[PDB]
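Take a look at this single chain, the form deposited in one PDB entry, given in structure tokens.
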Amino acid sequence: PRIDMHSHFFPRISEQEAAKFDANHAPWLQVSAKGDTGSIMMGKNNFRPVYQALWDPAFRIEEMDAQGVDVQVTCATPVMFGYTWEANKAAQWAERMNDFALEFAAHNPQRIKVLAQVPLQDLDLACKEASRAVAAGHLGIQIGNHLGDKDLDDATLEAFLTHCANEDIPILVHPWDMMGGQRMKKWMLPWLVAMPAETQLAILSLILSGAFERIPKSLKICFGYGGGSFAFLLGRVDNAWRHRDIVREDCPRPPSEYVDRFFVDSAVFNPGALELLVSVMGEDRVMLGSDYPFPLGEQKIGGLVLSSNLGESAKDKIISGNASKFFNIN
């Protein structure tokens, strides 16, 4: 069996639909008359051209069959987060998007699973949408590491993760591209540099703030893309904790001891990096993800994990075993 817990979709909306939310700030799908090709737009302009497999659940069950992929977990493309929008507006938007997600999943609920998006800017609306969308069939939630243009240390954020831990709602955290602001303007430097750094920051912020000593152990939380640069830079973080007062201030154990409080996906695009990742997190805490169906997504889903020299026991937890437990999937 083979579960891919990192993949994305974008609903078949309309330019007019989106306008009633926002005509030049709300995304929408523009499939051309030629329907095996399209684009995501905002108003007049083109945000992003995209493969058909982003929509069309049957078209996807096709690709999932070519690859050895049985169960896919899919979630919102980051464009639709609306974390910068008005709280009740975004709540309405998240509802619609989450409804679209189930539609997309409805094509085949046994092999296509969905996570929901939430209005993360407002605690109460977020908890509410989290609970609602899960009751309606979502296996969990995907949230951003950012929040529009956000400093990611709020105590409402602990409140939120605690709500999810209590309701047995698993969480996937997925990065944004913003940190160096007006540097990194070329060559997708935001994806190559800013994002892995933002993800490391989201993790360390939970660790070094002592959040894990307050969030119940029942919390199931996973960080996309191998947790960014976290695994590689862990040694430096542990060194700092050991030799500097201010690093220990709110975090009573060594930072590397908290790896048992979270998961990461396997999307690190390199054998050596995967080995190191597994060594750091353990074979129980890494889940296969592909970022499907994007160009950057791994071409042979699971190819990396399979091609490695990890134990056969290890390869199985990563390709199926862990995601089964995490998302409660058969």
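Throughout, rigid core stands for the largest set of C-alpha atoms superposing within 1.5 Å between the two forms. Residues carry their position along the shown sequence, with the first being 1.
There is another form of the same protein, the form deposited in another entry; it is not shown, and what comes next is about it.
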Core-fitted Cα difference of 2 Å or more between the shown form and the other one, single residue among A267, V280, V50, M42: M42
Core-aligned C-alpha movement of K128 between the shown form and the other one reaching 2 Å: no
Flag for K150, CA shift 2 Å or larger between the shown form and the other one after aligning core: yes
Relative Cα spacing, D151 and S256, in that other deposited form - shift of 3 Å or more: closer
Note on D151-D265 C-alpha separation in that other deposited form, which departs from the shown form by 3 angstroms or more: closer
